[PDB]
Amino acid sequence: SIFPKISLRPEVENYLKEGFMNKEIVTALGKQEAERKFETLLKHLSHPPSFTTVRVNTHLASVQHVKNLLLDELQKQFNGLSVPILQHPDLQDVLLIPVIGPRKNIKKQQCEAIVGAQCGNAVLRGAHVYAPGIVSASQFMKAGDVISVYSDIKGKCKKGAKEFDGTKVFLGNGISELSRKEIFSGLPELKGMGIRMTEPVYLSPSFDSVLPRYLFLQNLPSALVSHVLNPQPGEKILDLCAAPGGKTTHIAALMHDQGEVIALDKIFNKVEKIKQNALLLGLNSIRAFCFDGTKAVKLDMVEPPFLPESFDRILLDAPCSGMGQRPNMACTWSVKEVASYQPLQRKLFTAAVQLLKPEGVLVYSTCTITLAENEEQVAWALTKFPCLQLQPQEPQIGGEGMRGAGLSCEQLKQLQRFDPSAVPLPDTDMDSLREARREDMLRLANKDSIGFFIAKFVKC
RNA sequence: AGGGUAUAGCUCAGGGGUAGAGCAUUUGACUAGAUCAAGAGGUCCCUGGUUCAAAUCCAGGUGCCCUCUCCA
Ligand SMILES: C[S@@+](CC[C@H](N)C(=O)[O-])C[C@H]1O[C@@H](n2cnc3c(N)ncnc32)[C@H](O)[C@@H]1O
């Protein structure tokens, strides 16, 4: 609709092209079709998901209560507008709020401000512009000025600049709460509000300090993963890559905080964020450690590392290229950087399989779209580890696996791949809201999401 | 079969031989700054290798980073 395709390096886009135009897909669909599919994907990746999805912390508040409180909250934020809050029938603890956009009639002001690409993406998802996000602003900006926020999608704006000839993307208008002086004079690492978005291109609720013990902003497939893993109360679960602990706290909440959830991460501050989240949401069965997942198997003779076959369930939410991220308007990565994940994923996978009890469940999940990080890893896993066996999932929401890794149709039907190019981009407005069938909205929330991949394994 | 990165206070270009920009800061004019000028600035992370010569190329070491909604 409003935004162009995701700005990729020629080599990278050709890499992904090689991915989606393999012999098998061409065979079962034809070049003319697969190419259009790929281009449609690239066109969709630049646009926000049509649904703000919120996970309810059932261990502190029920979905009903939280939904009502959020109804009051949306009443306040949108000055009395009328956007619905659906409840997913399959994901019992997930709420869905439709996105009102895009709005092409926003009049651009002269006082401008430029944020980082990531901050821009956050703004498109319904966030305000907080102080650490601004990397450029009009030198004549005073606190209170109605300014126009632009996203430096290329990340080429040198901080503090008074002008920018690079690539900007209009995100909308907002009331500033700081002058350019207050921001860039001296070096105060100041926090707080910077630009209160009043007329965003996409209208989504701001989830900063609202019900922090009851909510958790989480993409639909991410919330789905913990359900697919299906943790039982009293079991021993471990996710190698956990920070900041969305799926971790979700797993803990599904177990009614009765059991043991060990969460690892390589970076310290991230682990601290895990612990902070767990403490915030009221989960006590969560124990977080700063540790290398690839070296998590006990070898010497003396917390991690852990003995092999000592965990009931294991979640590998492996680090990835993150190509399935939405909205992602540009990606200035090298191809070597994009394909730099398969080995690490395989190491973490091996460490996971070794750490898994017999008849245990291993859920491997990424947020990327590449074959080499998804289906290929499933094939590799099924070959190297013959004790593992691919399992069907519940709930089944996303599409089936992509052809190309040499898996059978029966095998692909047991994978869950979310495709951004599944359904057309819905340009929702209030008139579209009023005349909308509920099943259409639910299908929309299930299909128009970020790129994601879920695979389920069982040991013998 | 993991990868990227380290350069001025901040944000970053560059590049085998005299250290570069924007912003911040400093000073001087014009009416505190939507003006004009002027200069203050860095063992280019550590170590070793290649080389006449490494801030640049290579290897090892270390720190930071590779999202999976919102203080960026
Ligand atoms: C996709 S993110 C985690 C999202 C998280 N699972 C949730 O659902 O919020 C991958 C994480 O992997 C961690 N990580 C990166 N390398 C790792 C490694 N070798 N071992 C363990 N964790 C790693 C990163 O610090 C990052 O927090």
# chains A, B, ... in the order shown; residues from 1 in each chain; ligands from 1
>>> interface_residues(of="chain B", to="chain A", cutoff="8 Å", atoms="only C-alpha atoms (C1' of nucleotides)", output="PDB file with N, CA and C atoms (P, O5', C5', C4', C3', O3' and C1' of nucleotides), in the first residue's frame")
ATOM      1  P     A B   1      32.777 -27.077   7.245  1.00  0.00           P
ATOM      2  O5'   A B   1      32.724 -26.576   8.757  1.00  0.00           O
ATOM      3  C5'   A B   1      33.541 -25.501   9.197  1.00  0.00           C
ATOM      4  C4'   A B   1      32.723 -24.261   9.445  1.00  0.00           C
ATOM      5  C3'   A B   1      32.121 -24.124  10.841  1.00  0.00           C
ATOM      6  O3'   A B   1      33.022 -23.549  11.776  1.00  0.00           O
ATOM      7  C1'   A B   1      30.430 -23.799   9.218  1.00  0.00           C
ATOM      8  P     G B   2      32.508 -23.006  13.200  1.00  0.00           P
ATOM      9  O5'   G B   2      32.062 -21.508  12.890  1.00  0.00           O
ATOM     10  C5'   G B   2      31.189 -20.807  13.762  1.00  0.00           C
ATOM     11  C4'   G B   2      30.214 -19.952  12.992  1.00  0.00           C
ATOM     12  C3'   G B   2      30.630 -18.508  12.748  1.00  0.00           C
ATOM     13  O3'   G B   2      31.520 -18.352  11.653  1.00  0.00           O
ATOM     14  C1'   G B   2      28.428 -18.550  13.572  1.00  0.00           C
ATOM     15  P     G B   3      32.613 -17.170  11.655  1.00  0.00           P
ATOM     16  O5'   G B   3      31.754 -15.834  11.523  1.00  0.00           O
ATOM     17  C5'   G B   3      31.059 -15.533  10.322  1.00  0.00           C
ATOM     18  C4'   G B   3      30.128 -14.358  10.487  1.00  0.00           C
ATOM     19  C3'   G B   3      30.765 -13.003  10.753  1.00  0.00           C
ATOM     20  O3'   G B   3      31.295 -12.392   9.590  1.00  0.00           O
ATOM     21  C1'   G B   3      28.949 -13.312  12.222  1.00  0.00           C
ATOM     22  P     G B   4      32.477 -11.308   9.717  1.00  0.00           P
ATOM     23  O5'   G B   4      31.768 -10.030  10.354  1.00  0.00           O
ATOM     24  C5'   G B   4      30.775  -9.314   9.635  1.00  0.00           C
ATOM     25  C4'   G B   4      30.125  -8.255  10.488  1.00  0.00           C
ATOM     26  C3'   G B   4      31.047  -7.192  11.062  1.00  0.00           C
ATOM     27  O3'   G B   4      31.388  -6.184  10.128  1.00  0.00           O
ATOM     28  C1'   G B   4      29.618  -7.977  12.761  1.00  0.00           C
ATOM     29  P     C B  10      32.522   9.427  23.519  1.00  0.00           P
ATOM     30  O5'   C B  10      31.138   9.850  22.855  1.00  0.00           O
ATOM     31  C5'   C B  10      29.970  10.035  23.641  1.00  0.00           C
ATOM     32  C4'   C B  10      28.843  10.598  22.814  1.00  0.00           C
ATOM     33  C3'   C B  10      28.580   9.883  21.498  1.00  0.00           C
ATOM     34  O3'   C B  10      27.802   8.708  21.647  1.00  0.00           O
ATOM     35  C1'   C B  10      28.700  12.201  21.103  1.00  0.00           C
ATOM     36  P     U B  11      28.092   7.431  20.714  1.00  0.00           P
ATOM     37  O5'   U B  11      27.622   7.895  19.265  1.00  0.00           O
ATOM     38  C5'   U B  11      26.282   8.299  19.030  1.00  0.00           C
ATOM     39  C4'   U B  11      26.066   8.681  17.589  1.00  0.00           C
ATOM     40  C3'   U B  11      26.685   7.757  16.555  1.00  0.00           C
ATOM     41  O3'   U B  11      25.920   6.587  16.325  1.00  0.00           O
ATOM     42  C1'   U B  11      27.181   9.995  15.998  1.00  0.00           C
ATOM     43  P     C B  12      26.626   5.282  15.709  1.00  0.00           P
ATOM     44  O5'   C B  12      26.964   5.715  14.215  1.00  0.00           O
ATOM     45  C5'   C B  12      28.212   5.397  13.618  1.00  0.00           C
ATOM     46  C4'   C B  12      28.532   6.353  12.498  1.00  0.00           C
ATOM     47  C3'   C B  12      29.598   5.898  11.518  1.00  0.00           C
ATOM     48  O3'   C B  12      29.100   4.989  10.552  1.00  0.00           O
ATOM     49  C1'   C B  12      30.021   8.133  12.153  1.00  0.00           C
ATOM     50  P     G B  22      31.742  20.023   9.307  1.00  0.00           P
ATOM     51  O5'   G B  22      30.453  19.368   9.976  1.00  0.00           O
ATOM     52  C5'   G B  22      29.240  19.240   9.248  1.00  0.00           C
ATOM     53  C4'   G B  22      28.207  18.464  10.023  1.00  0.00           C
ATOM     54  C3'   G B  22      27.900  18.973  11.423  1.00  0.00           C
ATOM     55  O3'   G B  22      26.992  20.060  11.424  1.00  0.00           O
ATOM     56  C1'   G B  22      28.229  16.635  11.490  1.00  0.00           C
ATOM     57  P     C B  23      27.167  21.262  12.476  1.00  0.00           P
ATOM     58  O5'   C B  23      26.828  20.595  13.883  1.00  0.00           O
ATOM     59  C5'   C B  23      25.512  20.146  14.174  1.00  0.00           C
ATOM     60  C4'   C B  23      25.473  19.287  15.414  1.00  0.00           C
ATOM     61  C3'   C B  23      25.993  19.923  16.692  1.00  0.00           C
ATOM     62  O3'   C B  23      25.061  20.801  17.298  1.00  0.00           O
ATOM     63  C1'   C B  23      26.868  17.741  16.485  1.00  0.00           C
ATOM     64  P     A B  24      25.580  22.097  18.093  1.00  0.00           P
ATOM     65  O5'   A B  24      26.302  21.496  19.379  1.00  0.00           O
ATOM     66  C5'   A B  24      25.568  20.777  20.356  1.00  0.00           C
ATOM     67  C4'   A B  24      26.482  20.084  21.333  1.00  0.00           C
ATOM     68  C3'   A B  24      27.453  20.977  22.086  1.00  0.00           C
ATOM     69  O3'   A B  24      26.851  21.645  23.181  1.00  0.00           O
ATOM     70  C1'   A B  24      28.603  19.086  21.266  1.00  0.00           C
ATOM     71  P     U B  25      27.097  23.218  23.396  1.00  0.00           P
ATOM     72  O5'   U B  25      28.618  23.297  23.862  1.00  0.00           O
ATOM     73  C5'   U B  25      29.046  22.644  25.048  1.00  0.00           C
ATOM     74  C4'   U B  25      30.548  22.534  25.109  1.00  0.00           C
ATOM     75  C3'   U B  25      31.319  23.840  25.030  1.00  0.00           C
ATOM     76  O3'   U B  25      31.361  24.538  26.264  1.00  0.00           O
ATOM     77  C1'   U B  25      32.285  22.279  23.553  1.00  0.00           C
ATOM     78  P     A B  34      17.227  30.593  18.108  1.00  0.00           P
ATOM     79  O5'   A B  34      17.465  30.185  16.589  1.00  0.00           O
ATOM     80  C5'   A B  34      18.413  29.183  16.242  1.00  0.00           C
ATOM     81  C4'   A B  34      18.549  29.044  14.746  1.00  0.00           C
ATOM     82  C3'   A B  34      18.929  30.327  14.014  1.00  0.00           C
ATOM     83  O3'   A B  34      19.726  30.014  12.873  1.00  0.00           O
ATOM     84  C1'   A B  34      16.807  29.581  13.263  1.00  0.00           C
ATOM     85  P     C B  66      21.853  -7.157  20.408  1.00  0.00           P
ATOM     86  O5'   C B  66      22.066  -7.848  18.988  1.00  0.00           O
ATOM     87  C5'   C B  66      21.173  -7.590  17.913  1.00  0.00           C
ATOM     88  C4'   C B  66      21.423  -8.513  16.747  1.00  0.00           C
ATOM     89  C3'   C B  66      21.061  -9.972  16.957  1.00  0.00           C
ATOM     90  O3'   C B  66      19.678 -10.225  16.821  1.00  0.00           O
ATOM     91  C1'   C B  66      23.187  -9.834  15.957  1.00  0.00           C
ATOM     92  P     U B  67      18.912 -11.117  17.913  1.00  0.00           P
ATOM     93  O5'   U B  67      17.666 -10.208  18.303  1.00  0.00           O
ATOM     94  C5'   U B  67      17.620  -9.499  19.537  1.00  0.00           C
ATOM     95  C4'   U B  67      16.451  -8.550  19.578  1.00  0.00           C
ATOM     96  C3'   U B  67      15.092  -9.188  19.303  1.00  0.00           C
ATOM     97  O3'   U B  67      14.061  -8.452  19.963  1.00  0.00           O
ATOM     98  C1'   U B  67      15.586  -7.642  17.592  1.00  0.00           C
ATOM     99  P     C B  68      13.900  -8.510  21.562  1.00  0.00           P
ATOM    100  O5'   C B  68      12.438  -9.103  21.811  1.00  0.00           O
ATOM    101  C5'   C B  68      12.045 -10.372  21.298  1.00  0.00           C
ATOM    102  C4'   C B  68      11.680 -10.324  19.834  1.00  0.00           C
ATOM    103  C3'   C B  68      10.309 -10.875  19.469  1.00  0.00           C
ATOM    104  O3'   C B  68       9.279  -9.929  19.685  1.00  0.00           O
ATOM    105  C1'   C B  68      11.948 -11.679  17.944  1.00  0.00           C
ATOM    106  P     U B  69       8.035 -10.285  20.635  1.00  0.00           P
ATOM    107  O5'   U B  69       7.333  -8.876  20.878  1.00  0.00           O
ATOM    108  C5'   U B  69       8.033  -7.812  21.516  1.00  0.00           C
ATOM    109  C4'   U B  69       8.306  -6.666  20.573  1.00  0.00           C
ATOM    110  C3'   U B  69       8.369  -5.293  21.233  1.00  0.00           C
ATOM    111  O3'   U B  69       9.261  -4.447  20.507  1.00  0.00           O
ATOM    112  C1'   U B  69       6.580  -5.340  19.697  1.00  0.00           C
ATOM    113  P     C B  70      10.356  -3.568  21.292  1.00  0.00           P
ATOM    114  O5'   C B  70       9.573  -2.237  21.680  1.00  0.00           O
ATOM    115  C5'   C B  70      10.058  -0.959  21.285  1.00  0.00           C
ATOM    116  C4'   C B  70       9.721   0.099  22.307  1.00  0.00           C
ATOM    117  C3'   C B  70       9.560  -0.406  23.739  1.00  0.00           C
ATOM    118  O3'   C B  70      10.039   0.581  24.650  1.00  0.00           O
ATOM    119  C1'   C B  70       7.549   0.620  23.029  1.00  0.00           C
ATOM    120  P     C B  71      11.381   0.321  25.496  1.00  0.00           P
ATOM    121  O5'   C B  71      12.083   1.748  25.541  1.00  0.00           O
ATOM    122  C5'   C B  71      12.739   2.271  24.390  1.00  0.00           C
ATOM    123  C4'   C B  71      13.664   3.410  24.741  1.00  0.00           C
ATOM    124  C3'   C B  71      14.724   3.089  25.791  1.00  0.00           C
ATOM    125  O3'   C B  71      15.916   3.816  25.499  1.00  0.00           O
ATOM    126  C1'   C B  71      13.330   4.836  26.577  1.00  0.00           C
ATOM    127  P     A B  72      17.345   3.093  25.626  1.00  0.00           P
ATOM    128  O5'   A B  72      17.907   3.058  24.135  1.00  0.00           O
ATOM    129  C5'   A B  72      17.147   3.578  23.049  1.00  0.00           C
ATOM    130  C4'   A B  72      17.210   2.675  21.841  1.00  0.00           C
ATOM    131  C3'   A B  72      17.543   3.371  20.522  1.00  0.00           C
ATOM    132  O3'   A B  72      18.320   2.496  19.705  1.00  0.00           O
ATOM    133  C1'   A B  72      15.426   2.326  20.358  1.00  0.00           C
TER     134        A B  72
END
>>> residues_around(residues="residue 26 (chain B)", least_positions_apart="4", cutoff="12 Å", atoms="only C-alpha atoms (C1' of nucleotides)", output="PDB file with N, CA and C atoms (P, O5', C5', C4', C3', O3' and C1' of nucleotides), in the first residue's frame")
ATOM      1  P     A B  38      36.400  31.094   9.300  1.00  0.00           P
ATOM      2  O5'   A B  38      37.512  30.990  10.434  1.00  0.00           O
ATOM      3  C5'   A B  38      38.306  32.118  10.772  1.00  0.00           C
ATOM      4  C4'   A B  38      38.744  32.067  12.212  1.00  0.00           C
ATOM      5  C3'   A B  38      39.150  30.695  12.724  1.00  0.00           C
ATOM      6  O3'   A B  38      40.487  30.364  12.387  1.00  0.00           O
ATOM      7  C1'   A B  38      37.659  31.695  14.259  1.00  0.00           C
ATOM      8  P     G B  39      40.885  28.850  12.025  1.00  0.00           P
ATOM      9  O5'   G B  39      41.173  28.182  13.441  1.00  0.00           O
ATOM     10  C5'   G B  39      41.877  28.904  14.445  1.00  0.00           C
ATOM     11  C4'   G B  39      42.028  28.109  15.717  1.00  0.00           C
ATOM     12  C3'   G B  39      42.463  26.652  15.542  1.00  0.00           C
ATOM     13  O3'   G B  39      43.334  26.307  16.620  1.00  0.00           O
ATOM     14  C1'   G B  39      40.415  26.731  16.715  1.00  0.00           C
ATOM     15  P     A B  40      44.129  24.910  16.638  1.00  0.00           P
ATOM     16  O5'   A B  40      43.641  24.245  18.001  1.00  0.00           O
ATOM     17  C5'   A B  40      43.777  24.956  19.221  1.00  0.00           C
ATOM     18  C4'   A B  40      42.834  24.455  20.286  1.00  0.00           C
ATOM     19  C3'   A B  40      42.686  22.948  20.421  1.00  0.00           C
ATOM     20  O3'   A B  40      43.761  22.320  21.101  1.00  0.00           O
ATOM     21  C1'   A B  40      40.553  23.945  20.480  1.00  0.00           C
ATOM     22  P     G B  41      44.451  21.001  20.481  1.00  0.00           P
ATOM     23  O5'   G B  41      43.770  19.777  21.247  1.00  0.00           O
ATOM     24  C5'   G B  41      42.353  19.634  21.288  1.00  0.00           C
ATOM     25  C4'   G B  41      41.910  18.201  21.172  1.00  0.00           C
ATOM     26  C3'   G B  41      42.722  17.346  20.205  1.00  0.00           C
ATOM     27  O3'   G B  41      42.774  16.013  20.699  1.00  0.00           O
ATOM     28  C1'   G B  41      40.465  17.421  19.492  1.00  0.00           C
TER      29        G B  41
END
>>> closest_residue(among="A:226, A:391, A:411, A:285", to="ligand 1", atoms="only C-alpha atoms and all ligand atoms")
A:226
>>> select_by_dssp(residues="region 27-95 of chain A", states="alpha helix (DSSP H)", output="number ranges by chain")
A: 27-29, 31-44, 63-77
>>> atom_distance(atom1="CA of residue 146 (chain A)", atom2="CA of residue 433 (chain A)")
28.7 Å
>>> residues_around(residues="residue 266 (chain A)", least_positions_apart="5", cutoff="9 Å", atoms="only C-alpha atoms (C1' of nucleotides)", output="VMD selection string")
chain A and resid 241 271 289 to 293
>>> closest_residue(among="A:76, A:273, A:37, A:43", to="ligand 1", atoms="only C-alpha atoms and all ligand atoms")
A:273
>>> select_by_dssp(residues="region 52-290 of chain A", states="strand (DSSP E)", output="PyMOL selection string")
chain A and resi 52-56+86-87+94-98+112-116+129-130+134-137+146-152+170-176+193-200+215-217+236-239+260-265+286-290
>>> residues_around(residues="residue 108 (chain A)", least_positions_apart="3", cutoff="8 Å", atoms="only C-alpha atoms (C1' of nucleotides)", output="ChimeraX atom specification")
/A:148,172-173
>>> write_last_selection(atoms="N, CA and C atoms", output="PDB file, in the first residue's frame")
ATOM      1  N   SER A 148       6.828  16.892  12.670  1.00  0.00           N
ATOM      2  CA  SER A 148       6.660  15.700  11.850  1.00  0.00           C
ATOM      3  C   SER A 148       7.834  14.747  12.037  1.00  0.00           C
ATOM      4  N   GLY A 172       4.336  10.282  10.881  1.00  0.00           N
ATOM      5  CA  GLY A 172       3.201  11.032  11.382  1.00  0.00           C
ATOM      6  C   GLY A 172       3.606  12.293  12.119  1.00  0.00           C
ATOM      7  N   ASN A 173       2.636  12.925  12.770  1.00  0.00           N
ATOM      8  CA  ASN A 173       2.888  14.157  13.505  1.00  0.00           C
ATOM      9  C   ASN A 173       2.702  13.968  15.002  1.00  0.00           C
TER      10      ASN A 173
END
